[PDB]
Each structure stands twice: as structure tokens, then as C-alpha cells.
Amino acid sequence: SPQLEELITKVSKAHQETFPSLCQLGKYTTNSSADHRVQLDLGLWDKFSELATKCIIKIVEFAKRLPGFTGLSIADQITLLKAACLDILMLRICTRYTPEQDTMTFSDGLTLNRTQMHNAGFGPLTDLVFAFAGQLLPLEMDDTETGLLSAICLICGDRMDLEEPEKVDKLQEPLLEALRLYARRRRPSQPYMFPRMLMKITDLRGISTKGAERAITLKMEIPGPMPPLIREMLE
Ligand SMILES: CCCCCCCCCCCCO[C@H]1O[C@H](CO)[C@@H](O[C@H]2O[C@H](CO)[C@@H](O)[C@H](O)[C@H]2O)[C@H](O)[C@H]1O
Ligand SMILES: CC1(C)CCC(C)(C)c2cc(/C(=N/O)c3ccc4cc(C(=O)O)ccc4c3)ccc21
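- The deposited coordinates derive from X-ray crystallography, with the record listing a resolution of 1.38 Å.

- If you check the PDB entry, the protein appears there as RETINOIC ACID RECEPTOR GAMMA-1 from Homo sapiens.
- In the PDB, the title recorded for this entry is "ISOTYPE SELECTIVITY OF THE HUMAN RETINOIC ACID NUCLEAR RECEPTOR HRAR: THE COMPLEX WITH THE RARGAMMA-SELECTIVE RETINOID SR11254".
- Quoted verbatim from the Subunit field of the UniProt record, the comment on the protein reads "Homodimer. Heterodimer with a RXR molecule. Binds DNA preferentially as a RAR/RXR heterodimer. Forms a complex with PUS1 and the SRA1 RNA in the nucleus."
- Recorded in UniProt for the protein, the comment headed Sequence similarities runs: "Belongs to the nuclear hormone receptor family. NR1 subfamily."

So, in C-alpha cells, the structure goes:
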């Protein structure tokens, strides 16, 4: 119980210090390809891919702040990050959804409308990602819950090629305990919030599967290779 409370605060702070909240960021816009969908706008892809690389690095930084993660083998650390990074990217961008304006906001404040998200690279995946974001809103998750859910997504023992899956399982246990404790304490009249949050992990895995399929077609549309940390994530 004191150790669990410290875990909650450590994970929450790790998330916040690697992921500014929508409220914190000074939004700015772009007028590129803003009113009609096109196969790909290469100026938007260049900016989007740069922001994706930066957030991958931030997710690695987050991961290394999770209690016990750096006690896993370096191979297992890398396997877990490769398996979960796109899931966590998807959760992160969808927490930055502003429904009144139909926009998502990146960590430098760049705020793209739905058509621009399409044109930056999401392409035919755009509306499914926005629908996931829309169905995240009624859970009204806070930053602590987003951070814990992210940690649960990452630290999971089912990933292929783990050396020490039991060790990974044991690290996940307190994160699950922490999320349930926190969520019920914050909103005791809404006891389905914890199971709803865990079911979002399945949704995220589905959308990340679709994102990996989109990466294959996108590669045929861009003038060079994808950035190297994106390629690490996709392998
Ligand atoms: C999921 C696919 C990835 C698989 C795992 C492999 C990725 C490994 C990433 C390690 C990143 C290297 O980290 C090293 O270089 C980064 C880039 O110059 C630095 O990153 C630093 O600057 C970045 C801006 O560029 C900031 O967002 C980081 O917060 C800051 O720490 C690190 O402080 C340094 O520790
Ligand atoms: C593999 C590749 C390149 C191509 C396929 C698609 C388009 C599905 C894709 C999507 C993402 C992505 N999906 O949400 C994402 C991107 C930037 C993000 C930036 C931030 C941020 O600044 O705080 C937060 C979340 C982000 C989340 C990343 C890579 C890719």
C-alpha cells in the first residue's frame, strides 16, 4: 500500500514529463492541404514523421522510468518497446483529440485537422483512428490513468521472443493493481471504468496492426526510406 502509492506517482510523473497535456501546449496550425484529402502531402509527412521519431524517443524515456523495466534484459526491453510503441503512439495522439475542432495536437503544439491527419500519412486509417479517439472521450481518463495504461500496454509477457516472460508478467502485476486502485478511488460511482480501460488495450492492438499495414503502403508513396527509429518500431 505505501509502495503501490509510490508506483502510481512514479508512473504518472514519468508520463507527464514525457508527454505534455493538451491543456499545457500552445497550439498552432498549418494551411497545408487543409480542405481536401490527397494521397500524401509530403511537407506534412516530413513534419509528422519527425514528430513520430521524437515521441518514440519519449516513449523509450518513459519506459526506462517504469519501476523494474531496466532490470529486464536489454533484449527484452527492446522487444517490449518494438511490440508496444505504435500502440502507445496511438493512445498518445488520441488523448490529444479536440472534438469541437476535429483536431489532434502534437507535442510541439502542431494542431492538424482530420483531413491534414489523413494527408500526413494516416490515409485510409484516418477515420478509424478518429473513431477510437472519440470512444476514448467518455472514459474521461486523466494523465495518471493514461500513464498507467501505457505502462500496462508495454510491460506484457505475451510478446513473442521474450527471454523472461515470467519476469515481465511480475512487473505488470503492480501496474494493474495500481490502475484499478487509482481509478476506483477517483470515481467510485463508475466501477466499470477499470475494465473499460483494459479493453482499450485490445482496441489499440487492432489499430496498431492496421497502422503497421498502412506503413507498408505509405512506403510506396514517400520519396525515401522512413526514419530509422520508425523502421525499428515496424520490425
Ligand atoms: C520502438 C522502436 C525503438 C526500439 C528501441 C530503440 C530506441 C532507443 C532510443 C535511445 C535514444 C538515445 O538516447 C540518447 O539520444 C537521444 C537523441 O539524441 C537523446 O534524447 C534527448 O533529446 C531528445 C530531443 O532530441 C529529447 O526528446 C529527449 O528527452 C532527450 O533525452 C538522449 O537523451 C540520449 O540518451
Ligand atoms: C509507422 C508510421 C510512420 C506510418 C503509419 C502511420 C501513419 C499509421 C503512423 C502513425 C504514427 C502515429 N500514430 O498515432 C503517431 C505519430 C506521431 C505522434 C506524435 C505525438 C506527439 O508529438 O506527441 C504523439 C503521438 C503520435 C502518434 C506513427 C507512425 C506511423
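Structure shown, so let's carry the discussion forward.
1. Concerning the packing of aromatic side chains
- One pass over the full model with this rule turns up four aromatic pairs.
- Taken together, a centroid distance of 6.3 Å and an interplanar angle of 40° make the contact between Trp45 and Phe48 tilted. On the criterion of helical spacing, the pair formed by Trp45 and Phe48 is a turn pair, its members being three residues apart in helix α2 (residues 42-64).
- Classification of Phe48 by relative accessible area gives buried; the value is 16%.
- When the ring of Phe48 is compared with that of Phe122, the centres are 5.3 Å apart and the planes differ by 70°; the resulting orientation is edge-to-face. Placement of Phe48 in helix α2 and of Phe122 in helix α4 (residues 114-122) is noted, with a sequence separation of 74 residues between them.
- On the accessibility criterion, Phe122 (10% relative accessible area) is buried.
- An aromatic cluster of at least three residues, connected via ring pairs, comprises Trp45, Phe48, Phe106 and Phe122.
- Above the ring of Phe62, the side-chain terminus of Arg92 is found at 5.9 Å from the ring centroid.
- Residue placement shows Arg96 over the ring face of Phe19; its charged tip is 3.8 Å from the ring centre.

2. Description of helix α6 (residues 143-154)
- In this model α6 runs 17 Å from its N-terminal to its C-terminal C-alpha over twelve residues, within 8% of the 16 Å that 1.5 Å per residue would give.
- Among the twelve residues that make up α6, eleven are buried, leaving the element largely enclosed by the rest of the structure.
- Considered for burial, the residues of α6 that qualify are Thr144, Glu145, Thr146, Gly147, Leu148, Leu149, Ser150, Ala151, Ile152, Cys153 and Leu154.
- Buried positions along α6 lie against α1 (2-16), α2, α3 (74-94), α7 (165-186) and α8 (193-218).
- Looking at where α6 begins, the residue whose side-chain oxygen comes 3.3 Å from the main-chain nitrogen of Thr144 is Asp142.

3. So, the pattern of salt bridges
- This model, assessed by the stated rule, comprises 16 salt bridges.
- Linking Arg186 and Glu145 is a salt bridge whose minimum nitrogen-to-oxygen distance equals 2.8 Å. Of this pair, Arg186 sits in helix α7 while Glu145 sits in helix α6; the two residues are 41 residues apart in sequence, bridging distant segments of the chain.
- We classify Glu145 as buried; its relative accessible area is 0%.
- Each of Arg37, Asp102, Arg114 and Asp127 takes part in salt bridges that share partners, so that together they form one network.

4. So, the sheet that holds strand β2 (residues 103-105)
- If you walk across this open sheet you meet the three strands as β1-β2-β3, and the pairing is antiparallel. The open sheet is flanked by β1 (97-98) and β3 (111-113), the only strands paired with a single partner.
- Alignment of β1 against β2, held across two bridges, turns out to be antiparallel. Within β2, the residue paired with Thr98 across the bridge is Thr103.

5. Section: the site of ligand 2
- In the vicinity of ligand 2 lie 21 residues, with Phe19, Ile93, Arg96, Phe106 and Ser107 positioned nearest.
- One of the side-chain N or O atoms of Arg96 is found 3.3 Å from an oxygen atom in ligand 2.
- Between ligand 2 and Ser107, the relevant distance is 2.4 Å, taken from an oxygen atom to a side-chain nitrogen or oxygen of the residue.
- Notes on ligand 2: free accessible area 620 Å², of which the protein chains cover 99%.
- Only α2, α3, α4, α8 and α9 (228-234) provide two or more residues apiece to the shell around ligand 2.
- Here the shell around ligand 2 takes five residues from α2, the largest share from any one element.
- Among the residues making up the shell around ligand 2, the classes are represented as 17 nonpolar, three polar and one charged.

Parameters at a glance
Residues numbered from 1 in each chain as written, not as in the entry; some residues may be left out. Chains lettered and ligands numbered in written order. Heavy atoms only, no water. UniProt positions renumbered as here; feature names shortened; annotations may be inferred. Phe/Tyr/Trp six-rings, centres within 6.5 Å; stacked < 30°, edge-to-face > 60°. Helix = DSSP H or I, 4+ residues; strand = E, 2+ residues; numbered from the N terminus. Buried < 20%, exposed > 50% of the residue type's maximum accessible area, 1.4 Å probe, protein only. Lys NZ or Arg CZ within 6 Å of the ring centre and 35° of its normal. Expected span 1.5 Å × (residues − 1). Contact = heavy atoms within 4.5 Å. Polar contact = N/O pair within 3.5 Å; in protein donor to acceptor, adjacent residues only side chain to side chain. Salt bridge = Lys/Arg side-chain N within 4 Å of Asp/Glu carboxyl O. Pairing = 2+ DSSP bridges. Near = heavy atom within 4 Å. Areas by Shrake-Rupley, 256 points an atom, 1.4 Å probe, with all protein chains shown as cover. Nonpolar A, V, L, I, M, F, W, Y, C, P; charged D, E, K, R; others polar.

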